[PDB]
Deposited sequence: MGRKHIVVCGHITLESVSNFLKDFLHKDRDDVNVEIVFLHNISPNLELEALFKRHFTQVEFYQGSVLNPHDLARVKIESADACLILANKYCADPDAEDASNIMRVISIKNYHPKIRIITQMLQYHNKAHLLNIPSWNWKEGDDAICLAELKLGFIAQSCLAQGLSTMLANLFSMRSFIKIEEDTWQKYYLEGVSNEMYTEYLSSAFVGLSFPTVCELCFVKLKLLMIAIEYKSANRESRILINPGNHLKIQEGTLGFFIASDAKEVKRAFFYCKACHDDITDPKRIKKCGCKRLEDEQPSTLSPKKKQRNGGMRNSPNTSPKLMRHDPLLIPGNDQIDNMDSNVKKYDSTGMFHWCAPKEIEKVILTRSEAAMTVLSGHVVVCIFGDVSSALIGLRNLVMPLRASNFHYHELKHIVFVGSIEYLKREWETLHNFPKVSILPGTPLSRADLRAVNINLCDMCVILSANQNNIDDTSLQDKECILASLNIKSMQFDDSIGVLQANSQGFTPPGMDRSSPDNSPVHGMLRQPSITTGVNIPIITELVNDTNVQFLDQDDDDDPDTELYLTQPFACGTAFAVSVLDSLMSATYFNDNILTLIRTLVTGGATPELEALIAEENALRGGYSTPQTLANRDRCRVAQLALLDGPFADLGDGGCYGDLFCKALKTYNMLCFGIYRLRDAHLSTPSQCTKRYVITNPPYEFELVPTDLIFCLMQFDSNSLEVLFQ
């Protein structure tokens, strides 16, 4: 029993893959992980892998030559996994080559299961032309851009979200930290993973919320979503559990998840296109780029707050990031218009000009041609008043620099820029060291343990690698992440035209507005103030979905809870009796209105 892992095979990705797969593979005694890449062995730096692991085989060939597919025994492989060169300078060419891989592989034996990565969402669509590619029967494409920027978009609604998600499918061994440090409660959250299990018969006919409560109280399971088909994240009262309903769970061990299966005892306003045809996203007629370009002085004249500043490094030759993947989720029809966060891009207009083709259908987007390094540009766009600052590079030193330059900026009674929401996307793990000064840097302490990561202040693509194995073991985890992260899913129409098309709001489209959204919640003013002082997370949770159909799934705590530092870290799915603090913020899914 074996899987073939081909594509971009690097000591760096091999050892990373093997780490992922063997933490999650319950019975790793059977499986052979068979690697296949054209580059010559590296028999020295490679037989140490044949050493540390007994279930590994390397081969010389390439997936395109049918004889190699034979001498690797693809016909009998459980699945074949294609790894992409995440950092390749011509993504479209890299994506094409893996599609070619798929084709060759399916031509040989059209029933093998293929998991692959794609760089760009527009390339993902082409796999649908391959007659033997079947999403339904478990072929998967992990799209790097849609998920990278989806993670980041959600984090603008709830900081830290990106890293909370990442730890639910990165598979690691608890460190057993005993001191009463922030690291301690953080590592507790990390131990949680995401599982999927059918619901006991005893539940059928009950409402999602009642059942959710039972899982929480009786079973100590966090149930976040439901499927019969399309996934429903945290639906409301009107939604009953029928038979053969699949449940989505966060919990620290697979054993506890099983319990859930074994339970006993006005005229004109109608004429404005405000949405895409499915009523799933806010839409607007294609504004021409000029209507949206700002000058430093214009931007200065307007005050902005609660907005998203997206700093971008790149020029005409840069490969397109595919920014629609960032702005689309932030334009989901389940936000109220007034509520949408304005997005301001700061970067080369020559670059941005290119992205604009796919962005011209989203409201409240504007571009200030400038540089994330210019303090004046950053002052004009009111960086200190913003809701989140996203720092991205196109195909790290620039980003880090931008990041550092904001923190060391002064405002107004004078305020320092150390406390503004930043998320920087990194290409190299090792240099997260530079993101903040008050942390404890070590060059081989894994990314997920560094302060910046725990705090949702850094994101790397490397994190989406462990998603490879996660989706091998459980197809559904991927489709959940995707559903949550991108807003909703419609995958058919974007596949055709590569553009959201606008429509007139019919009541059935307006129904699609009724979905949950990610949000962060304060315990200062809310109807939960009382619970602030030494209350139970469980008591909160309970009142939350009881009174509001609002599911909570974590805390965002100040690491220092005497200090001025407002850095916060993620605590995923705490137990019932976890003690609240009034300065806490809570990760929740809220119902539409």
*What ranges of the deposited sequence, counted from 1, have no C-alpha atoms in this structure?*
1-3, 232-237, 275-337, 468-477, 495-529, 607-609, 682-685, 718-726
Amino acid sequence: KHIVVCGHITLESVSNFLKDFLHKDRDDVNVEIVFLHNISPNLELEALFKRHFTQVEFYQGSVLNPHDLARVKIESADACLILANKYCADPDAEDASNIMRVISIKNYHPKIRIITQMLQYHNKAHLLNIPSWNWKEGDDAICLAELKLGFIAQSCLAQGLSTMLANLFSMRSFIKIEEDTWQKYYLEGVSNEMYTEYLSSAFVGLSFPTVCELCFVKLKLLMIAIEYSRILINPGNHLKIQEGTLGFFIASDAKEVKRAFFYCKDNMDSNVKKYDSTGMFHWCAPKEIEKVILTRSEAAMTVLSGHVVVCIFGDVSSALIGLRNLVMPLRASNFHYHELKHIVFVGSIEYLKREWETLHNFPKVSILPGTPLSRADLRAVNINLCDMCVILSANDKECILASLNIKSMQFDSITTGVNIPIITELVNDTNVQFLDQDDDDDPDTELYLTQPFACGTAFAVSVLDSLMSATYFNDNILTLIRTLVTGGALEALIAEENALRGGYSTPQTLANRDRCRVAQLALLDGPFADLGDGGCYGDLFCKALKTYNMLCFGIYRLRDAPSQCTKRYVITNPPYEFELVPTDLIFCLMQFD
From here on, numbers count along this sequence of modelled residues.
*If you average the CA temperature factors over each stretch, which comes out higher, 375-383 or 174-182?*
174-182
_Greater mean Cα temperature factor according to the PDB record, 47-55 or 532-540_ = 47-55
*Of the options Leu464, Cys455, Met268, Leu478, which has the highest CA B factor as deposited?*
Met268
*Tell me, please, which of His122, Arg259, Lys341, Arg354 has the highest C-alpha B factor according to the deposited entry?*
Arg259
*Record-listed C-alpha B factor of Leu239: chain third*: highest
*asked:* Which third, lowest, middle or highest, does the C-alpha temperature factor of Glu94 belong to within its own chain?
replied: lowest
*Which third, lowest, middle or highest, does the CA B-factor of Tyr448 fall in along this chain?*
highest
*asked:* Test of reading the entry: by CA B factor among the chain's modelled residues, which third contains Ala460?
replied: lowest
_Within-chain third of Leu221 by Cα B-factor, per the entry_ = middle
